[PDB]
């Protein structure tokens, strides 16, 4: 029995162009626990992504928070990409700065 990860991508602070910030990829509701998470800037993998410890909830599903330091600008695109056994292919979720 597998559970598909749910993903949110969002900044720690309201984004202001030119101002250093943190970009979060929060991944929840998945099982089994093994998962591979990458963050992507303009289509290319970001090398320094930190991973919180993993935890699980009363319904047995796992959750984890990935993050990277970033300075948003008007035109740069960020995404989080998650590979997990519940899905045939990696899932990519793009950062929407209004969300």
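Only the largest set of C-alpha atoms that superpose within 1.5 Å between the two forms is called the rigid core. Residue numbers count along the first chain shown, from 1.
Remark: when the other structures in 7 other deposited structures of this protein are fitted onto this one via the rigid core, 50 to 58 deviates more than the alternative among 50 to 58 and 28 to 36, judged by RMS CA distance. If you average the C-alpha B-factors over 22 to 30 and over 39 to 47, the higher value belongs to 39 to 47. Per the PDB record, of the two stretches 53 to 61 and 67 to 75, 67 to 75 carries the greater mean B-factor over its C-alpha atoms.
Residue 7: CA B factor lies in the lowest third for its chain, per the PDB record.
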